[PDB]
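See structure below.
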Amino acid sequence: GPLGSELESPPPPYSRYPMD
Amino acid sequence: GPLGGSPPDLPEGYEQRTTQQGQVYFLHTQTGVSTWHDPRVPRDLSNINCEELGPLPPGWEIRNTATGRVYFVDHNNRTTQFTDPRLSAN
């Protein structure tokens with residue numbers, strides 16, 4: 001499943017730890 | 001409203017923003033543009049290992065993305081970064 005752009009997902013969202 | 005003092009280590013025309021869960025990114029407030037690379041910092045050298053330039057500052061954590069691209073987690077503004085805290089600031 002695509003989240004954003006074709007393949008431009010480098011830094012994982014914040015939450016003290018890499019939260020999906 | 002309007003306030004000034006110290007820049008957040010970013011070029012002109014751009015503004016740092018965060019995605020829903022706190023993902024730091026660079027947007028062009030002018031054209032509502034969204035890019036991962038920081039203008040002020042070079043293109044080739046974006047994901048740098050500050051460990052060679054200087055220790056990580058307060059409120060930060062170094063990590064690697066699936067592609068093996070390291071990033072950082074700043075607990076000051078509660079977000080995840082792509083470009084180093086010192087990179088943009090040189």
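In the structure tokens, the first chain shown is A, the next is B, and so on; residue numbers restart at 1 for each chain, and ligands run from 1 in the order shown.
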
Please, which residues in chain A fall within 7 Å of chain B when counting only C-alpha atoms, and what is the closest atom pair and distance in Å to one decimal for each, ordered by chain then residue number, as a tab-separated table?
residue	atom	partner	partner_atom	distance
A:10	CA	B:65	CA	6.5
A:11	CA	B:82	CA	5.6
A:12	CA	B:23	CA	6.2
A:13	CA	B:23	CA	3.9
A:14	CA	B:22	CA	4.2
A:15	CA	B:21	CA	6.8
A:16	CA	B:75	CA	6.9

Next on the checklist: Quick one: residues within 7 Å of residue 14 in chain B, only C-alpha atoms, excluding same-chain residues fewer than 6 positions away - as a ChimeraX atom specification?
Outcome noted: /B:26-29

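Compared by their closest atoms to residue 17 in chain B, and using only C-alpha atoms, the residues B:34, B:90, B:49, B:76 rank with B:34 nearest.
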
Original post:
Which residue gives the smallest distance to residue 46 in chain B among B:7, B:89, B:84, B:12, with only C-alpha atoms counted?
Top reply: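 Among the listed residues, the smallest separation from residue 46 in chain B belongs to B:84.
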
Would you please extract all strand (DSSP E or B) residues from chain B, as assigned by DSSP on the backbone, and give them as a PDB file with N, CA and C atoms, in the first residue's frame?
ATOM      1  N   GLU B  15      10.174  26.257   4.507  1.00  0.00           N
ATOM      2  CA  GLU B  15       9.713  26.188   5.871  1.00  0.00           C
ATOM      3  C   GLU B  15       9.663  24.742   6.283  1.00  0.00           C
ATOM      4  N   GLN B  16      10.153  24.439   7.467  1.00  0.00           N
ATOM      5  CA  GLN B  16      10.128  23.076   7.919  1.00  0.00           C
ATOM      6  C   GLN B  16       8.738  22.743   8.421  1.00  0.00           C
ATOM      7  N   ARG B  17       8.295  21.535   8.149  1.00  0.00           N
ATOM      8  CA  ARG B  17       6.977  21.103   8.584  1.00  0.00           C
ATOM      9  C   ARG B  17       7.022  19.657   9.045  1.00  0.00           C
ATOM     10  N   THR B  18       5.935  19.191   9.642  1.00  0.00           N
ATOM     11  CA  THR B  18       5.880  17.824  10.133  1.00  0.00           C
ATOM     12  C   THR B  18       4.626  17.114   9.657  1.00  0.00           C
ATOM     13  N   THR B  19       4.777  15.852   9.281  1.00  0.00           N
ATOM     14  CA  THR B  19       3.647  15.063   8.834  1.00  0.00           C
ATOM     15  C   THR B  19       2.891  14.546  10.044  1.00  0.00           C
ATOM     16  N   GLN B  23       6.694  13.766  11.128  1.00  0.00           N
ATOM     17  CA  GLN B  23       7.765  13.556  10.152  1.00  0.00           C
ATOM     18  C   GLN B  23       8.230  14.898   9.594  1.00  0.00           C
ATOM     19  N   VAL B  24       9.460  15.293   9.922  1.00  0.00           N
ATOM     20  CA  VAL B  24       9.992  16.564   9.448  1.00  0.00           C
ATOM     21  C   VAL B  24      10.256  16.531   7.952  1.00  0.00           C
ATOM     22  N   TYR B  25       9.878  17.607   7.278  1.00  0.00           N
ATOM     23  CA  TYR B  25      10.089  17.732   5.842  1.00  0.00           C
ATOM     24  C   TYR B  25      10.226  19.200   5.462  1.00  0.00           C
ATOM     25  N   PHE B  26      10.621  19.460   4.224  1.00  0.00           N
ATOM     26  CA  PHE B  26      10.819  20.830   3.769  1.00  0.00           C
ATOM     27  C   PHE B  26       9.778  21.253   2.739  1.00  0.00           C
ATOM     28  N   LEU B  27       9.016  22.289   3.082  1.00  0.00           N
ATOM     29  CA  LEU B  27       7.960  22.789   2.213  1.00  0.00           C
ATOM     30  C   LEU B  27       8.221  24.226   1.748  1.00  0.00           C
ATOM     31  N   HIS B  28       7.766  24.506   0.531  1.00  0.00           N
ATOM     32  CA  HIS B  28       7.874  25.847  -0.038  1.00  0.00           C
ATOM     33  C   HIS B  28       6.581  26.599   0.210  1.00  0.00           C
ATOM     34  N   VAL B  33       5.017  23.737  -2.067  1.00  0.00           N
ATOM     35  CA  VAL B  33       5.806  22.605  -2.533  1.00  0.00           C
ATOM     36  C   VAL B  33       6.322  21.763  -1.376  1.00  0.00           C
ATOM     37  N   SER B  34       6.589  20.497  -1.667  1.00  0.00           N
ATOM     38  CA  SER B  34       7.092  19.568  -0.661  1.00  0.00           C
ATOM     39  C   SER B  34       8.271  18.761  -1.199  1.00  0.00           C
ATOM     40  N   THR B  35       9.418  18.889  -0.537  1.00  0.00           N
ATOM     41  CA  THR B  35      10.620  18.170  -0.942  1.00  0.00           C
ATOM     42  C   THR B  35      11.349  17.600   0.272  1.00  0.00           C
ATOM     43  N   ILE B  62      20.215   8.832  16.640  1.00  0.00           N
ATOM     44  CA  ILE B  62      20.616   8.445  15.287  1.00  0.00           C
ATOM     45  C   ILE B  62      20.092   7.060  14.932  1.00  0.00           C
ATOM     46  N   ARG B  63      19.595   6.915  13.707  1.00  0.00           N
ATOM     47  CA  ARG B  63      19.061   5.634  13.254  1.00  0.00           C
ATOM     48  C   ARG B  63      19.257   5.449  11.751  1.00  0.00           C
ATOM     49  N   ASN B  64      18.881   4.271  11.253  1.00  0.00           N
ATOM     50  CA  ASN B  64      19.002   3.948   9.829  1.00  0.00           C
ATOM     51  C   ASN B  64      17.647   3.580   9.247  1.00  0.00           C
ATOM     52  N   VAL B  70      20.513   6.716   7.158  1.00  0.00           N
ATOM     53  CA  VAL B  70      20.407   7.174   8.533  1.00  0.00           C
ATOM     54  C   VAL B  70      19.709   8.513   8.651  1.00  0.00           C
ATOM     55  N   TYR B  71      19.047   8.679   9.780  1.00  0.00           N
ATOM     56  CA  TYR B  71      18.318   9.891  10.089  1.00  0.00           C
ATOM     57  C   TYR B  71      18.574  10.286  11.545  1.00  0.00           C
ATOM     58  N   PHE B  72      17.676  11.076  12.127  1.00  0.00           N
ATOM     59  CA  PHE B  72      17.818  11.494  13.515  1.00  0.00           C
ATOM     60  C   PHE B  72      16.456  11.816  14.111  1.00  0.00           C
ATOM     61  N   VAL B  73      16.327  11.622  15.414  1.00  0.00           N
ATOM     62  CA  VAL B  73      15.075  11.899  16.101  1.00  0.00           C
ATOM     63  C   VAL B  73      15.283  12.953  17.179  1.00  0.00           C
ATOM     64  N   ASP B  74      14.755  14.152  16.941  1.00  0.00           N
ATOM     65  CA  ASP B  74      14.895  15.254  17.888  1.00  0.00           C
ATOM     66  C   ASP B  74      13.708  15.323  18.843  1.00  0.00           C
ATOM     67  N   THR B  79      10.063  15.310  16.715  1.00  0.00           N
ATOM     68  CA  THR B  79       9.955  14.965  15.300  1.00  0.00           C
ATOM     69  C   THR B  79      11.121  14.089  14.845  1.00  0.00           C
ATOM     70  N   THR B  80      11.053  13.644  13.593  1.00  0.00           N
ATOM     71  CA  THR B  80      12.112  12.838  12.998  1.00  0.00           C
ATOM     72  C   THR B  80      12.739  13.634  11.861  1.00  0.00           C
ATOM     73  N   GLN B  81      14.063  13.723  11.838  1.00  0.00           N
ATOM     74  CA  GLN B  81      14.737  14.505  10.816  1.00  0.00           C
ATOM     75  C   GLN B  81      15.409  13.646   9.752  1.00  0.00           C
TER      76      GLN B  81
END

Pairwise distance, CA of residue 4 in chain A with CA of residue 86 in chain B, equals 27.4 Å

*CA of residue 6 in chain A to CA of residue 48 in chain B: how many Å, to one decimal?*
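Result for CA of residue 6 in chain A versus CA of residue 48 in chain B: 24.1 Å, one decimal.
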